[PDB]
Structures are given as C-alpha cells and as structure tokens.
>>> print(open('model.cif').read())   # mmCIF, C-alpha atoms and all ligand atoms
data_protein
#
loop_
_atom_site.group_PDB
_atom_site.id
_atom_site.type_symbol
_atom_site.label_atom_id
_atom_site.label_comp_id
_atom_site.auth_asym_id
_atom_site.auth_seq_id
_atom_site.Cartn_x
_atom_site.Cartn_y
_atom_site.Cartn_z
ATOM 1 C CA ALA A 2 8.430 35.826 93.383
ATOM 2 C CA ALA A 3 11.250 37.067 91.133
ATOM 3 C CA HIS A 4 14.589 35.349 90.653
ATOM 4 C CA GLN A 5 18.287 34.987 91.311
ATOM 5 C CA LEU A 6 21.029 34.517 88.722
ATOM 6 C CA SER A 7 21.587 31.000 87.354
ATOM 7 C CA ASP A 8 25.011 29.381 87.831
ATOM 8 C CA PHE A 9 25.642 30.085 84.162
ATOM 9 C CA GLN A 10 24.795 33.741 84.471
ATOM 10 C CA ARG A 11 26.582 34.322 87.774
ATOM 11 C CA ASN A 12 29.786 32.719 86.482
ATOM 12 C CA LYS A 13 29.694 34.754 83.272
ATOM 13 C CA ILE A 14 29.357 37.926 85.333
ATOM 14 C CA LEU A 15 32.110 36.941 87.785
ATOM 15 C CA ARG A 16 34.399 36.084 84.868
ATOM 16 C CA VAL A 17 34.129 39.644 83.579
ATOM 17 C CA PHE A 18 34.707 41.041 87.108
ATOM 18 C CA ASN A 19 37.868 39.018 87.438
ATOM 19 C CA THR A 20 39.282 39.490 83.932
ATOM 20 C CA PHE A 21 38.336 43.004 82.834
ATOM 21 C CA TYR A 22 37.339 45.130 85.820
ATOM 22 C CA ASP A 23 39.530 43.955 88.685
ATOM 23 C CA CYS A 24 42.881 44.717 87.089
ATOM 24 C CA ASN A 25 44.965 44.305 90.224
ATOM 25 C CA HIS A 26 43.214 41.034 91.029
ATOM 26 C CA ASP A 27 42.559 41.919 94.641
ATOM 27 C CA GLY A 28 38.856 41.062 94.604
ATOM 28 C CA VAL A 29 37.282 44.555 94.466
ATOM 29 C CA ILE A 30 36.845 47.197 91.774
ATOM 30 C CA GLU A 31 38.166 50.663 92.576
ATOM 31 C CA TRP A 32 39.312 53.710 90.675
ATOM 32 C CA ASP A 33 42.807 52.202 91.036
ATOM 33 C CA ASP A 34 41.758 49.302 88.749
ATOM 34 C CA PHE A 35 40.639 51.790 86.108
ATOM 35 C CA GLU A 36 43.961 53.593 86.214
ATOM 36 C CA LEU A 37 45.589 50.229 85.518
ATOM 37 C CA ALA A 38 43.123 49.492 82.736
ATOM 38 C CA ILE A 39 44.155 52.799 81.240
ATOM 39 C CA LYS A 40 47.862 51.915 81.297
ATOM 40 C CA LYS A 41 47.148 48.520 79.786
ATOM 41 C CA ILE A 42 45.363 50.026 76.804
ATOM 42 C CA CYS A 43 47.947 52.739 76.274
ATOM 43 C CA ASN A 44 50.636 50.044 76.176
ATOM 44 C CA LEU A 45 48.661 47.831 73.833
ATOM 45 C CA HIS A 46 48.069 50.602 71.277
ATOM 46 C CA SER A 47 51.156 52.675 72.035
ATOM 47 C CA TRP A 48 49.308 55.802 73.220
ATOM 48 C CA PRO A 49 51.370 58.552 74.891
ATOM 49 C CA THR A 50 50.350 59.294 78.464
ATOM 50 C CA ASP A 51 49.589 62.915 77.916
ATOM 51 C CA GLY A 52 47.788 62.495 74.592
ATOM 52 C CA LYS A 53 44.145 62.978 73.594
ATOM 53 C CA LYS A 54 43.402 59.265 73.314
ATOM 54 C CA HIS A 55 44.721 58.700 76.858
ATOM 55 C CA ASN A 56 42.978 61.781 78.161
ATOM 56 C CA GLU A 57 39.718 60.827 76.441
ATOM 57 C CA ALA A 58 39.948 57.255 77.772
ATOM 58 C CA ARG A 59 40.480 58.609 81.272
ATOM 59 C CA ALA A 60 37.502 60.999 81.047
ATOM 60 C CA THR A 61 35.296 58.206 79.733
ATOM 61 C CA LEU A 62 36.413 55.725 82.401
ATOM 62 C CA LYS A 63 35.734 58.376 85.050
ATOM 63 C CA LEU A 64 32.107 58.631 83.906
ATOM 64 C CA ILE A 65 31.840 54.886 83.797
ATOM 65 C CA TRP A 66 33.225 54.451 87.334
ATOM 66 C CA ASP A 67 30.948 57.228 88.528
ATOM 67 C CA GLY A 68 27.933 55.402 87.122
ATOM 68 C CA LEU A 69 29.106 52.032 88.422
ATOM 69 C CA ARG A 70 29.564 53.350 91.931
ATOM 70 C CA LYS A 71 26.125 54.977 91.805
ATOM 71 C CA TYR A 72 24.641 51.650 90.806
ATOM 72 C CA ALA A 73 26.589 49.266 92.978
ATOM 73 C CA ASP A 74 28.536 50.890 95.816
ATOM 74 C CA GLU A 75 25.887 50.387 98.498
ATOM 75 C CA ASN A 76 28.118 51.169 101.476
ATOM 76 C CA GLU A 77 29.674 54.165 99.680
ATOM 77 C CA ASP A 78 33.326 53.337 100.234
ATOM 78 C CA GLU A 79 34.359 53.938 96.610
ATOM 79 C CA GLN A 80 34.926 50.236 96.264
ATOM 80 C CA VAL A 81 32.721 47.710 94.535
ATOM 81 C CA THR A 82 32.956 44.182 95.891
ATOM 82 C CA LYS A 83 31.933 40.951 94.268
ATOM 83 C CA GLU A 84 28.960 41.077 96.655
ATOM 84 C CA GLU A 85 27.971 44.571 95.528
ATOM 85 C CA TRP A 86 28.596 43.559 91.876
ATOM 86 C CA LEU A 87 26.378 40.445 91.872
ATOM 87 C CA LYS A 88 23.589 42.228 93.781
ATOM 88 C CA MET A 89 23.551 44.902 91.134
ATOM 89 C CA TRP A 90 23.656 42.503 88.195
ATOM 90 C CA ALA A 91 20.742 40.560 89.684
ATOM 91 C CA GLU A 92 18.609 43.649 89.205
ATOM 92 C CA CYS A 93 20.189 44.581 85.825
ATOM 93 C CA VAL A 94 19.262 41.243 84.257
ATOM 94 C CA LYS A 95 15.651 41.190 85.508
ATOM 95 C CA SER A 96 15.124 44.788 84.321
ATOM 96 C CA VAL A 97 16.544 43.794 80.972
ATOM 97 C CA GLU A 98 14.258 40.771 80.657
ATOM 98 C CA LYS A 99 11.312 43.089 81.272
ATOM 99 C CA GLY A 100 12.167 45.469 78.457
ATOM 100 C CA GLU A 101 14.452 47.984 80.128
ATOM 101 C CA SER A 102 17.857 48.846 78.713
ATOM 102 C CA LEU A 103 21.167 48.221 80.486
ATOM 103 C CA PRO A 104 22.583 51.017 82.639
ATOM 104 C CA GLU A 105 24.214 53.941 80.846
ATOM 105 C CA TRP A 106 27.601 53.383 82.510
ATOM 106 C CA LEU A 107 27.524 49.878 81.005
ATOM 107 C CA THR A 108 26.689 51.063 77.475
ATOM 108 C CA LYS A 109 29.390 53.687 77.758
ATOM 109 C CA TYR A 110 31.872 50.920 78.606
ATOM 110 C CA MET A 111 30.692 48.752 75.736
ATOM 111 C CA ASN A 112 31.132 51.635 73.291
ATOM 112 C CA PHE A 113 34.506 52.477 74.750
ATOM 113 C CA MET A 114 35.642 48.849 74.440
ATOM 114 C CA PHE A 115 34.341 48.741 70.861
ATOM 115 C CA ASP A 116 36.463 51.746 70.069
ATOM 116 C CA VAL A 117 39.489 50.149 71.743
ATOM 117 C CA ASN A 118 39.033 47.023 69.597
ATOM 118 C CA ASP A 119 38.462 48.895 66.329
ATOM 119 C CA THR A 120 41.829 50.492 65.923
ATOM 120 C CA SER A 121 41.375 50.882 62.113
ATOM 121 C CA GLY A 122 38.396 53.132 62.783
ATOM 122 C CA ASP A 123 36.210 51.510 60.103
ATOM 123 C CA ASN A 124 33.341 50.555 62.458
ATOM 124 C CA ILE A 125 34.224 46.902 62.091
ATOM 125 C CA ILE A 126 36.140 44.676 64.494
ATOM 126 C CA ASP A 127 38.182 42.250 62.361
ATOM 127 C CA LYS A 128 39.690 38.970 63.578
ATOM 128 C CA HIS A 129 43.179 40.407 64.074
ATOM 129 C CA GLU A 130 41.944 43.503 65.979
ATOM 130 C CA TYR A 131 39.870 41.179 68.192
ATOM 131 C CA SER A 132 42.514 38.673 69.223
ATOM 132 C CA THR A 133 45.007 41.540 69.699
ATOM 133 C CA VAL A 134 42.740 42.924 72.392
ATOM 134 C CA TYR A 135 41.471 39.783 74.149
ATOM 135 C CA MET A 136 44.816 38.018 74.050
ATOM 136 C CA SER A 137 46.120 40.982 76.059
ATOM 137 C CA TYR A 138 43.632 39.970 78.822
ATOM 138 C CA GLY A 139 44.926 36.390 79.015
ATOM 139 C CA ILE A 140 42.431 34.837 76.553
ATOM 140 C CA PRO A 141 44.169 32.095 74.532
ATOM 141 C CA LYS A 142 44.506 32.814 70.829
ATOM 142 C CA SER A 143 42.596 29.653 69.953
ATOM 143 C CA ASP A 144 39.690 30.853 72.129
ATOM 144 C CA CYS A 145 39.884 34.275 70.468
ATOM 145 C CA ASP A 146 39.773 32.776 66.985
ATOM 146 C CA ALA A 147 36.961 30.339 67.707
ATOM 147 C CA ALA A 148 34.954 33.046 69.425
ATOM 148 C CA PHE A 149 35.455 35.437 66.502
ATOM 149 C CA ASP A 150 34.063 32.953 63.974
ATOM 150 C CA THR A 151 31.114 32.358 66.297
ATOM 151 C CA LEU A 152 30.438 36.032 66.751
ATOM 152 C CA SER A 153 30.685 36.904 63.045
ATOM 153 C CA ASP A 154 28.631 33.794 62.134
ATOM 154 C CA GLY A 155 31.637 32.339 60.260
ATOM 155 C CA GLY A 156 31.888 35.639 58.364
ATOM 156 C CA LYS A 157 28.266 36.193 57.389
ATOM 157 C CA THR A 158 27.951 39.066 59.867
ATOM 158 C CA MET A 159 30.293 42.089 60.170
ATOM 159 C CA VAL A 160 31.164 42.822 63.770
ATOM 160 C CA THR A 161 30.075 46.439 63.733
ATOM 161 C CA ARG A 162 29.359 48.709 66.711
ATOM 162 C CA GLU A 163 25.697 47.641 66.728
ATOM 163 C CA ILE A 164 26.468 43.932 66.494
ATOM 164 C CA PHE A 165 29.045 44.231 69.311
ATOM 165 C CA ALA A 166 26.454 46.108 71.384
ATOM 166 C CA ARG A 167 23.827 43.344 70.978
ATOM 167 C CA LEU A 168 26.349 40.611 71.681
ATOM 168 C CA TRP A 169 27.447 42.555 74.787
ATOM 169 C CA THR A 170 23.924 42.567 76.242
ATOM 170 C CA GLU A 171 23.486 38.881 75.451
ATOM 171 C CA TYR A 172 26.723 37.972 77.301
ATOM 172 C CA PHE A 173 25.544 39.534 80.573
ATOM 173 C CA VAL A 174 21.918 38.529 80.593
ATOM 174 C CA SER A 175 21.328 35.535 78.446
ATOM 175 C CA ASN A 176 20.632 32.245 80.179
ATOM 176 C CA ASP A 177 20.928 30.386 76.829
ATOM 177 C CA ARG A 178 24.159 28.383 76.539
ATOM 178 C CA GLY A 179 23.733 28.344 72.729
ATOM 179 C CA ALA A 180 23.764 32.161 72.454
ATOM 180 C CA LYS A 181 26.588 33.696 70.392
ATOM 181 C CA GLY A 182 27.034 36.552 72.877
ATOM 182 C CA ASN A 183 28.244 34.016 75.426
ATOM 183 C CA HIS A 184 31.588 34.054 73.558
ATOM 184 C CA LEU A 185 32.062 37.816 73.278
ATOM 185 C CA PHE A 186 35.141 37.768 75.598
ATOM 186 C CA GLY A 187 36.532 34.487 74.306
ATOM 187 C CA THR A 188 35.093 31.039 73.779
ATOM 188 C CA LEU A 189 33.236 29.511 76.737
ATOM 189 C CA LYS A 190 33.426 25.719 76.811
ATOM 190 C CA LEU A 191 29.773 24.717 77.237
HETATM 191 CA CA CA B 201 40.934 45.768 92.271
HETATM 192 CA CA CA B 202 31.316 49.345 98.482
HETATM 193 CA CA CA B 203 38.484 47.711 62.281
#
>>> encode(input="model.cif", output="structure tokens")
Amino acid sequence: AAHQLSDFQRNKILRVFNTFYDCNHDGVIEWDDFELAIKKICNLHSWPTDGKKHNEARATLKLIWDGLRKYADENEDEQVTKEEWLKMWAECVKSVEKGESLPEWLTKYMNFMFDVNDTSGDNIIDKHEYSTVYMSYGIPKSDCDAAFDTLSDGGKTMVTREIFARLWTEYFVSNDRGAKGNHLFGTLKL
C-alpha cells in the first residue's frame, strides 16, 4: 500500500539529475556541481565573478544545496546519489498527490531558474530567452522551440513566473504523458 515511480516519472526525474544537477557528469550531485552551474550561468549571461548577480546566485544555490542535502543525503556524506535522489522524489511525488507542496529548496530552485531565464526582467520568459537557456544545456533548438509553443499554448498563455512554477511541478510529478509540463526542459518524444 502506496506506490513507486512509474517508468515515465522515474526517467523524467533522472533526466533532470543528469542534465541540470550533475554538471560534471560523474553520477552524484555535490556542492562542486553547483559551483560549475554557477560558472555556466555567469558565462551564459556574461556576469562578472565578483558581482552581485554571481554573489546572489551563489547564496541562493547554497540554500538550495543545503535543503537538498537535508532532504536526500541519507548517509550524510555531502553527496547525493541517484539512489538518494530517486528515494527522495518517491516521497515528494506522493506528498504532492496528497495535497502537500514541493520542498522549499525545490521552489527556490524553480524561482532561481525562472530568474535566470527571464533576463529582460519583465516577468515573462519569451521564446528567445528560453532557447538561449536550454540550448546551453544541450537541448536541441528544435526541441526548445517546439517545447516553447507547447508551454505557452501556441501563444495563448504568457510564460510568467506563476505559469513556470505550475509547469515545473507538473514536470516532476505528473504521470500524464499529455501534460504540457512534461516539456518544460525541452520536448519529450512521447
Ligand atoms: Ca557531480
Ligand atoms: Ca549521500
Ligand atoms: Ca523576459
């Protein structure tokens, strides 16, 4: 009585491990991966290392890693493995299906990524801002452009902070292959 992750769900959650959290592709998340993530973003947007954007990104990522460790690092080595990661997500999905909200470190990350996408600062991610960011993570442009149209409902919805936040939740927990949120980090062929 209860339940595991479906193949669908597990693979969506491993995809994000591999592409966005494990920046040195060694199979585990560590503070070292976050430092890398920080360099990557500074390079993308041309932020100087000792600036306030950089320093605010670092501070935010520290809180996020602190919350992630608290949630997932069961053997307390300051390293989160795919094992630790999936075990945690199993409980984060269930808790979400029962009304609870996602963990605070996760919402923090979502809001931080929204901010990273929305370089114009107008509270809207546009198609160019979007592919600029996900293409930097190895997502093909054609899967960025298709995903954007899906996410914005072919332009009927503005991808604001709140819309990004809802889509974000749906990516990680939805078991519906027709959900829009499935394509938040590039088109999934389904
Ligand atoms: Ca790593
Ligand atoms: Ca660990
Ligand atoms: Ca914008």
>>> resolve_selection(input="model.cif", expression="the PyMOL selection byres (((chain A and resi 14-31) around 8) and not hetatm)", output="MDAnalysis selection string")
chainID A and resid 10:13 32:35 37:38 79:83 87 90 138 173
>>> atom_distance(input="model.cif", atom1="CA of residue 107 in chain A", atom2="CA of residue 92 in chain A")
13.6 Å
>>> resolve_selection(input="model.cif", expression="the PyMOL selection byres (((chain A and resi 163-165) around 9) and not hetatm)", output="list in words")
residues 111, 112, 115, 126, 152, 153, 158, 159, 160, 161, 162, 166, 167, 168, 169, 170, 182 and 185 of chain A
>>> write_last_selection(input="model.cif", atoms="C-alpha atoms", output="compact mmCIF listing (two decimals), keeping the file's coordinate frame")
# COMPACT_ATOMS: atom_id res chain seq x y z
CA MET A 111 30.69 48.75 75.74
CA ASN A 112 31.13 51.64 73.29
CA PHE A 115 34.34 48.74 70.86
CA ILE A 126 36.14 44.68 64.49
CA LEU A 152 30.44 36.03 66.75
CA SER A 153 30.68 36.90 63.04
CA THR A 158 27.95 39.07 59.87
CA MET A 159 30.29 42.09 60.17
CA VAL A 160 31.16 42.82 63.77
CA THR A 161 30.08 46.44 63.73
CA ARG A 162 29.36 48.71 66.71
CA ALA A 166 26.45 46.11 71.38
CA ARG A 167 23.83 43.34 70.98
CA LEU A 168 26.35 40.61 71.68
CA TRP A 169 27.45 42.56 74.79
CA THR A 170 23.92 42.57 76.24
CA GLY A 182 27.03 36.55 72.88
CA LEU A 185 32.06 37.82 73.28
>>> closest_residue(input="model.cif", among="A:77, A:8, A:98, A:84", to="residue 171 in chain A", atoms="all atoms listed in the file")
A:98
>>> resolve_selection(input="model.cif", expression="the PyMOL selection byres (((chain A and resi 95) around 12) and not hetatm)", output="NGL selection string")
:A and (2-7 or 10 or 88-94 or 96-103 or 173-176)
>>> closest_residue(input="model.cif", among="A:40, A:178, A:109, A:46", to="residue 61 in chain A", atoms="only C-alpha atoms")
A:109
>>> residues_around(input="model.cif", residues="residue 188 in chain A", least_positions_apart="3", cutoff="6 Å", atoms="only C-alpha atoms", output="PyMOL selection string")
chain A and resi 144+148+184
>>> residues_around(input="model.cif", residues="range 56-60 of chain A", least_positions_apart="4", cutoff="8 Å", atoms="only C-alpha atoms", output="compact mmCIF listing (two decimals) with C-alpha atoms, in the frame of the given file")
# COMPACT_ATOMS: atom_id res chain seq x y z
CA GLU A 36 43.96 53.59 86.21
CA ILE A 39 44.16 52.80 81.24
CA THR A 50 50.35 59.29 78.46
CA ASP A 51 49.59 62.92 77.92
CA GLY A 52 47.79 62.50 74.59
CA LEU A 64 32.11 58.63 83.91
CA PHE A 113 34.51 52.48 74.75
>>> closest_residue(input="model.cif", among="A:62, A:43, A:73, A:140", to="ligand CA 202 (chain B)", atoms="only C-alpha atoms and all ligand atoms")
A:73
>>> closest_atom_pairs(input="model.cif", of="chain A", to="ligand CA 203 (chain B)", cutoff="6 Å", atoms="all atoms listed in the file", output="JSON lines")
{"residue": "A:119", "atom": "CA", "partner": "B:CA203", "partner_atom": "CA", "distance": 4.2}
{"residue": "A:120", "atom": "CA", "partner": "B:CA203", "partner_atom": "CA", "distance": 5.7}
{"residue": "A:121", "atom": "CA", "partner": "B:CA203", "partner_atom": "CA", "distance": 4.3}
{"residue": "A:122", "atom": "CA", "partner": "B:CA203", "partner_atom": "CA", "distance": 5.4}
{"residue": "A:123", "atom": "CA", "partner": "B:CA203", "partner_atom": "CA", "distance": 4.9}
{"residue": "A:124", "atom": "CA", "partner": "B:CA203", "partner_atom": "CA", "distance": 5.9}
{"residue": "A:125", "atom": "CA", "partner": "B:CA203", "partner_atom": "CA", "distance": 4.3}
{"residue": "A:126", "atom": "CA", "partner": "B:CA203", "partner_atom": "CA", "distance": 4.4}
{"residue": "A:127", "atom": "CA", "partner": "B:CA203", "partner_atom": "CA", "distance": 5.5}
>>> closest_residue(input="model.cif", among="A:154, A:67, A:85, A:177", to="ligand CA 202 (chain B)", atoms="all atoms listed in the file")
A:85
>>> atom_distance(input="model.cif", atom1="atom CA of ligand CA 201 (chain B)", atom2="CA of residue 114 in chain A")
18.9 Å
>>> atom_distance(input="model.cif", atom1="atom CA of ligand CA 202 (chain B)", atom2="CA of residue 75 in chain A")
5.5 Å
